[PDB]
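Next up: just one chain, as structure tokens, the form deposited in one PDB entry.
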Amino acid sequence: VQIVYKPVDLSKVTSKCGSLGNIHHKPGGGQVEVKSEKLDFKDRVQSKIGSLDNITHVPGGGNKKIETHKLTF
């Protein structure tokens, strides 16, 4: 049994920008009300209950490269 694993990755990811601008984020405020009794969370549980998270995200260009290599016997 001979296994040869030799993938090759030379692929570039490029982002270029002159300038972005005048970005304005101006939301009004709201209101949230939550009524519950019991919560039971088990094994890898994520949650957000009752929130007003306004988010401004302005990365000056960006990229994601996700890569997985897996061998199972």
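Numbers follow the displayed sequence, beginning with 1. Superpose the two forms; the largest set of C-alphas matching within 1.5 Å is the rigid core.
Although not depicted, the form deposited in another entry is the subject of the following passage.
S.K.: Determine, with the core as the superposition reference, the one member of 56, 51, 15, 19 that shifts its CA by 2 Å or more between this form and the one not shown.
M.R.: By this measure, the answer is 51.
S.K.: Once you compare with this form, do the C-alpha atoms of residue 24 and residue 51 lie closer or farther in that other deposited form, given a change of 3 Å or more?
M.R.: Relative to this form, closer in that other deposited form.
S.K.: Can you tell whether residue 50 sits closer to or farther from residue 24 in that other deposited form than it does here, judged by CA atoms, where the change is 3 Å or more?
M.R.: Closer: residue 50 and residue 24 approach by 3 Å or more in that other deposited form.
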